[PDB]
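In the block that follows, a single chain appears as structure tokens, in the form deposited in one PDB entry.
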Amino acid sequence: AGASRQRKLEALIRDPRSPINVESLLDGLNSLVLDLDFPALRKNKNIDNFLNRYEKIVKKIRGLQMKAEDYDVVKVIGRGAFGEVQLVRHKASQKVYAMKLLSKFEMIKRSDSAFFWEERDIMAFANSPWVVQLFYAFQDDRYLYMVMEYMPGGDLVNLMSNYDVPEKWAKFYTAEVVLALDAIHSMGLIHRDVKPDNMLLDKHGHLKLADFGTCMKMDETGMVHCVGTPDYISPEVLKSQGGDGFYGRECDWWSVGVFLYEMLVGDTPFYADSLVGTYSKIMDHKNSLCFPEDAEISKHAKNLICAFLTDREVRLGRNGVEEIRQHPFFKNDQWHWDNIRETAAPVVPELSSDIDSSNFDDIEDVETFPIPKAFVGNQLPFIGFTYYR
């Protein structure tokens, strides 16, 4: 009946995962207002009269909703392709978060614009201690904001540059990465850009993955038809960039092997001065993968590294994560796969307060959209991005 219909649609609006939830529909009207309030378009009677009604309530609404002015910015802890990351303190609650800003301009211009949906879903609804939790997602006219839990231990790029990593440490950080990727794979997602920059460390020095712009949802077969600095990117993913090309979750396990090599060796296995150099070496990995004479690595460590860095058809982890996690290398008298994250981490950070950012390096140093004549609708891609947990 009509009563049954209104019950059904009210379910579609209260659903926080729905595209027509109240935050999306409020995003829709706010995106419509921002996209229309220009003097050139206001010559149109339909557009000017529409703004006359809603201009008042839209300014009110935007005041009540969560915004950047609510958060005191303590420091900038990272920079990235489409923006930056800030250490922030929410003023009303005094709680410390890490807030990621992604530029709407840069996303629209350089033309990626769909990566942030999966990132937002994964961080909100992953519900895994291997993935950084998102608390709030919101936006203004220039930026998207993602308010995440603050990983105060820094990343593994910092850990490797400040410590010469022994093999017992390498077992730990590799095992945690394996578990973290298994978490993502189990959500039906291929990471396809795993690397120490995206591997953060929590309060107790335990790993959580932190960037998911590259993530993509798998098929029934498990494959994913569809960019970057190629250091950690597998051969098949590299070949795939040339036109079409299928690949699966094994591409992430290549990256793990690259990551294992780096920790024990100190350089990436396919390092070169140019991108074409690195690309070229990654394709000729059968001949170009080699260990230095003066880099004391064990038989099992070398065996695992060689297991991962091979063709996809015989790589470690086609048959499953099992054979990876029962490789001899991981045998130890400290932790087990079922209890690793509650055991003592190799490196616990010594921090003084809730805003201690000492394990992050310092960051040093504008343009936005042009005023349009016609309707371009730049805000339309960002409708339904707002999320309040």
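C-alpha atoms forming the largest set that superposes within 1.5 Å between two forms make up the rigid core. We number the residues from 1 along the sequence you see.
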{"property": "Unmodelled in at least a third of other entries of this protein, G153", "result": "no"}
{"property": "Unmodelled in at least a third of other entries of this protein, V276", "result": "no"}
{"property": "Unmodelled deposited residues flanked by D365 on one side and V366 on the other", "result": "4 to 9"}
{"property": "Residues with no coordinates between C226 and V227, taken from the deposited sequence as a class", "result": "1 to 3"}
{"property": "Which of 211-219 and 252-260 has higher mean CA B factor, as the PDB entry lists it", "result": "211-219"}
{"property": "Of 315-323 and 174-182, the stretch whose C-alpha atoms average the higher B-factor in the entry", "result": "315-323"}
{"property": "Selection from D155, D244, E119, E149 [criterion: highest C-alpha temperature factor in the record]", "result": "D244"}
{"property": "Candidate residues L201, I297, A307, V96, the one whose C-alpha B factor the record puts highest", "result": "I297"}
{"property": "For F291, the third of its chain into which the C-alpha B factor falls", "result": "highest"}
{"property": "Third of the chain, ranked by Cα B-factor, where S24 sits", "result": "lowest"}
{"property": "Third of the chain, ranked by Cα B-factor, where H90 sits", "result": "middle"}
{"property": "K168 CA temperature factor, ranked by third within the chain", "result": "middle"}
{"property": "Among modelled residues of the same chain, the CA temperature factor third for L134", "result": "lowest"}
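Separately, the form deposited in another entry exists; it is not shown, and the next lines address it.
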| query | finding |
| --- | --- |
| Exceeds or equals 2 Å, Cα of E293 between this form and the one not shown, core fit | yes |
| After fitting the core, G277 CA displacement of 2 Å or more between this form and the one not shown | yes |
